[PDB]
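Engineer: The data below comprise the sequence and an experimental structure of the protein.
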Amino acid sequence: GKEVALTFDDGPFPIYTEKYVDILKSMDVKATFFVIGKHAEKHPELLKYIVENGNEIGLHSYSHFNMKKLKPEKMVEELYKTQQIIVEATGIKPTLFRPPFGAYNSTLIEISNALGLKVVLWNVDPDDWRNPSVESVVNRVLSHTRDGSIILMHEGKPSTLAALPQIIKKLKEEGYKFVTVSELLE
Ligand code: NI
């Protein structure tokens, strides 16, 4: 059968992380959260909340700057610092890294791999950052989702929180199983 990975970038966020997690848990569905280190270290209890509910945490860098032009040692500092915040909060080491803006080069791939991280982007983008209506977010996801889809969404967004129940309902009716990015890639 068909699998899809729902993903949320840029958290955690007071109020919203807990709300996203509760919706997923209420629907028997798991997702992948790509957290910014500066946010993660302010809110360790929210990291534990993501993982206690069966969700995966990935890195989204410490600072959330475009990493395209960083020196190798700064790429290391950005990833290693975030990996350490996450494992100190959850006891679970992340294995995935989504670069800010999806910007990368071969060196960032090599540094990520040397830290035991896979670089992941996405293949379905309903542009939920520059807030669309909840109906147009739903329709972009349901019109583009295929077996192996990795859906880019953003934490801390009421319009995204609003769209989740309809996305989960309709994809479940189309026979999709919801998996983590790690499970999807195997
Ligand atoms: Ni981001």
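Structural biologist: Structure received. Numbers count the residues shown, from 1 in each chain.
Engineer: Please identify the helix or strand for residue 165.
Structural biologist: helix 158-173 (DSSP states H and E).
Engineer: Now the element after that helix, going C-ward?
Structural biologist: Next in sequence after helix 158-173, counting helices and strands by DSSP H and E, comes strand 176-178.
Engineer: What are the buried residues along that next one?
Structural biologist: For strand 176-178, burial by neighbour count (16 or more other Cβ atoms under 10 Å) applies to 176, 178. Where C-beta positions appear, they are placed from N, C-alpha and C, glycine not excepted.
Engineer: ok, residue 88 to residue 115 distance?
Structural biologist: 16 Å (Cβ to Cβ, to the nearest Å).
Engineer: Flag every residue of this protein that's near the ion.
Structural biologist: Proximity of the chain to the ion, by Cβ under 5 Å from the ion, involves residues 9-10.
Engineer: Give the next helix or strand downstream of the helix ranked longest in the chain.
Structural biologist: Looking across the chain with DSSP state H, the single longest helix is helix 72-90. Using DSSP H and E, the helix or strand that follows helix 72-90 in sequence is strand 96-97.
Engineer: what's that following strand packed up against?
Structural biologist: strand 32-35, strand 56-59, strand 118-119 (3 or more Cβ pairs under 8 Å, 6 or more residues apart in numbering; DSSP states H and E).
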